[PDB]
Amino acid sequence: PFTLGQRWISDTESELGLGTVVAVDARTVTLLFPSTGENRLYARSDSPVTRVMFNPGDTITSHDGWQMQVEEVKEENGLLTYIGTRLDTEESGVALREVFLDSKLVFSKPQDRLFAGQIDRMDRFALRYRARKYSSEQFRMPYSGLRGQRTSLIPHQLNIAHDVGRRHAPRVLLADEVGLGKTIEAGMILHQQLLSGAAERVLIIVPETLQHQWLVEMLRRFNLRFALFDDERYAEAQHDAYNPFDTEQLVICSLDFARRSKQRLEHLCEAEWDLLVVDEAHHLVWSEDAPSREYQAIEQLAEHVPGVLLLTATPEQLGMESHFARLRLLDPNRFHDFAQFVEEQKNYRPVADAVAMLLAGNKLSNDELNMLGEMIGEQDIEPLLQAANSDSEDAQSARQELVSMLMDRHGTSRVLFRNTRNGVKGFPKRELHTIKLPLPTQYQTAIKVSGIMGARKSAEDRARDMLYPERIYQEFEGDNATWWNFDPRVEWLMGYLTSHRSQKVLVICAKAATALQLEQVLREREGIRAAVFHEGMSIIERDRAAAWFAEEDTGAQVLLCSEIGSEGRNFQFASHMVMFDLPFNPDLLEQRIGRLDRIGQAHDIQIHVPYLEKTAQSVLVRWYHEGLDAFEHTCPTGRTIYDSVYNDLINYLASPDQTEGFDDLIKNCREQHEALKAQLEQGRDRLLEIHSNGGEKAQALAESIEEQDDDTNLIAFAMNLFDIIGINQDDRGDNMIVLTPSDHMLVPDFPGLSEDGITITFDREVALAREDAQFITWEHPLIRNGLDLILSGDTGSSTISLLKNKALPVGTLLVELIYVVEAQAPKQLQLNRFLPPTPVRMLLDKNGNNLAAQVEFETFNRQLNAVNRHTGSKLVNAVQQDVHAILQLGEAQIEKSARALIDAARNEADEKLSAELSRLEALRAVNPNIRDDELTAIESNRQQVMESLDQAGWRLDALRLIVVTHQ
C-alpha cells in the first residue's frame, strides 16, 4: 500500500536511519535515506521495513531544526500530517508534513517526557525493566541459538552444530548416515549464524522435488522463511532490480534452475552469500581430467561464497574417497593431489583396527602400537601408551587422552562429519510378529485373469500386479468391489485393534485408495477412530490428523498411511506398526519403519505383519526377515542384494507357486548379508565417528539444555508482554494457547499474528507432535520483536506512583532510575555475549544516596498504586527543580559502576577469546585444515571488542517518581 511521501526505517541497518518513499511500481517501492542520500529498493513481500509514525504526546523535530508538540495527526491519500504547537516560538497550530521529518532518530529523554507532561502506566514501566533484564541474561547464555529449534536434544546432532555453528565462514561436508539429521544439523548452523548476526543471506540449493521439504523444515523447525525462486519470480525481479536475488535474503532454488542462463549463474556468485548449502552433493560426479558441466558451475560458485555447507551421501558401500571431489571445493589448495590422500588414509587404516582392538578388550603388539606413534608426532607417548593397553586403573583416561590427541591430527574430521548407527546409541530395538493367513479363493480366481491377460508383460510388472490383490479386484468386479468382507486380514486387524484400544497403532499400506476404503470399514463396523495419511492432503490436514492422533487417550487410535512421505513428523508416542502390505524394494521398507525407528521415542517398537499365504507378500516376508533381517535391524544391504538377485527373486514373485530353489536363495542372501555387514564394520573410521558425535561431553551439554527448558519466568513474562500488547490468550488446555488480536491492540499489525489466531506451546514434546504450533523460547522472533517494540520505544519510560506508609515522613521524594549501559557495534562483533544492553537500577534520595542494592524491584512495585492524571501532573512540577539536581548525583556513581561492568567483561572476553586463539594455534601447528581466515577473524574480533568496549556509554532509559502519602 505504498504511496509517495511515507517515512520508513530499515529494521537492520538503522545505522542508515530514516527513509522516504520516492518511487513505487507494481511490485516495488523505493526509499531515499537522507542520512546518506542513498536509496535501497525492496520487494513488498517479506517487507523488512517498519512504519515510522509518531503519537500524540511525542516531541518531534523538523528538518529546519525546530521542534513541536504533537496534538493531532491527519491521514489523507496515504499521507500523514502532524498538527501541533511549535515549542521554540510558542506558536500554536504548526503543521509538519512527514516528508519534512528529520533523517535523525532521537529517543526522547524521559525527564523531558515527564517535564512535558507524558506519564506512562506503572505496569508498563514494570515490563520495560523486566524485559531488559530478561533479554540481557539470555543473550549471554553459553549455548545461545541451540534452544529454540523444534528438535529432540540429540547429542551427536548438537555436537556438530556447536562445532560448526561457531566457526567463521564454515565449510564442512555432512556425510551423516541417512536419517541421522543432516538437514537438522544444517538448520541449526543456519539458526546459529542468523542469530549471531554473522550471516544475513543464506542460499540452499535443492533438487526441485525436495524444495518444499526444505521450506517447511526451516519455517516450522527453525522459524526461517525462505522465498522460493522459480522462473516466474526470476523474470519479474530482473526488471525490478539489477540483481534479482537482492530482494530476498534467504532463497531456495534448483541447480537445473541455476544453470539456465550464464547471466543467472553470474548474479548468483555475485549475490554476496555468507553461507551456501548444497543438498545431495554425491550427485556431483568429478574426474580430475573431466569434471562435469554441473561441477564447473559449483566450482564457479564455490569460489565466490565464503561459507559452504555440503549435504551428501556415500552410498553403494563406498568410502570417503568418493568425497574428495567435494572436499576439493572447500579447500582446493589443501586437497590438491588425489593419490597422497589415498596413501594417508591407507596408512591411517591400521590404527583404526588397533583402536577397534583396544576398546574390545585386546592387547596391542608393540609393533602395532609403533604405528600410532608415527601419527601423533611426539616422543612421550609411551607412558600414556601403555596404561591404555596394559589395562591399568586409568586405561579409560589413558584411552581418552590418547584418542583425543589422535583426533586433532585427523585429515578431515574437523571438516567432515559421518556418524553411523553403530557409533551412536539411543535407537530402539525392533521386534517382529508374523501372522499367516489363508489365501481366499476369490483372489485365486482373480489372479488367473491377470495371469491370462498377463500374456505379454515383464516379470517386473507381472510381479508388481500380483503384489496388490486390491487393485485388480477393482478392475474385474468393478471399482469399490467389497473385498473388505472376506479378507481375514481385516478380521484380524479389528480384533487386534478392538483388543488394544488403548494403544496408538501405525498402519501403513501402499496406495491412498486402500486407506480411504479401510477407514470406512473400521469406522462403520467397529467405531474405530482412524485417520488417513497420504501425500495428497494439505499440510493443514496432516497437522490436523497428527493432532487427533496425538490425543493421549481420546484421539485417533490408527494412522492409515499410504506411500508415506519421506521422513516427516515424529510420532514419539506410537510404538506399534502394522504392515498391511510390504513394498518391493528394501529402501522404502526401512522408510516406513523410519517414521517410528527414531531417537526420542517412548518405548521399543513392536512390528506385526499379517500376510496372505502363498502370495508375493509371503515371499517378501522371509527374504526381508530371514535373508536380510530387515524388520528387526536397519542395515541398508537390501538394495545391493536386491539388485544382484533381482531377476531370480522376481520370478519367485511373478510365480509364487515354484518354491524349490527358494530356500537356497535365502541362505545365499544371509551369507551376503552377514559378510556385507562384517565388511562395513571393518570400514568404520571410528575416530571420525567418535569425533562426530561429540562423546560424553556432548551428552552433558544436552542435559544442561534439558534444564533451561523449565524456565517459568519466560511463560510468565510472555503473557505479561502479550496481555499488555493486547493479545487475548485463550488456554485450550494441553499446554497450548490461541493468540488473537483485539480492538485495543497497540500496533497496526504484528509480524506473526493473524485474526484467525495461531496455536503456541512452550513444551518441546508437544511441539514435536504438533508442528502446526509455535514452540516458544527466548529465541523465537515473536519475543525479540515485541521486545524491540518495547525496548526501542519509550513507553514505560516515565510514570508516577504514590506510597502509603505510616512509617515515613510526608512529602519525601524517591526517584527510581533505570540507566542503560550500551555499546554501538555491528552484531557481527557479538558484543552481547559480554555486554548486551544491561540495566542499572538506582533509587536515589534527595541527597543522591543509592538504595537499589537494598530494595528489590518487584516487592517495592507491588505495594504501589497510581494517582489521577491532573493532581499528579503539577505535583511533579513542585519539585522539577529538585529532581534535576538529583540526577547528576547518580551521574558520578554510574561512571564508577560502569567501569566495574566493563572491567569484568574485558577480562572474561580476553580470557575466552584468547583461550580459543591458543587452542586454534595448537591445531594449526598440528592440523592442515585450520585456515588463516579463521584465526584472523578471532584476532580482529578480540581487538575490536575491547576497543568498542572502551567507548561504551550509559543513558537514562526509564524514570518513575515516588511520593509517600499517609492518606
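Heads up, chain A uses Swiss-Prot numbers, so what you see runs 2-968.
We read in the header that X-ray crystallography, 3.2 Å was used to get this structure.
Backbone N, Cα and C atoms are what each Cβ position is placed from, and that goes for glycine too.
From the options 280-283, 364-367, 380-383, 428-431, the stretch Swiss-Prot describes as motif 'DEAH box' is 280-283. Every protein chain shown contributes to the tally, and the Cβ of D177 (ATP binding site) ends up with 25 other Cβ atoms within 10 Å. Sequence-distant contacts (6 or more apart, same chain, Cβ under 8 Å) of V179 (ATP binding site) comprise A314, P637.
Ranked by Cβ neighbours within 10 A across all protein chains shown, the binding-site residues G180, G182 are led by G182. Every protein chain considered, the tally of other Cβ atoms within 10 Å of the Cβ of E178 (ATP binding site) stands at 18. Excluding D177, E178, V179, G180, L181, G182, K183, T184, which define the ATP site, the same chain contributes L175, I185, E186, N420 within 8 Å (Cβ to the Cβ centroid), listed in sequence order. Taking Cβ-Cβ distances under 8 Å and a sequence gap of 6 or more within the same chain, the neighbours of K183 (ATP binding site) are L175, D177, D280, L312.
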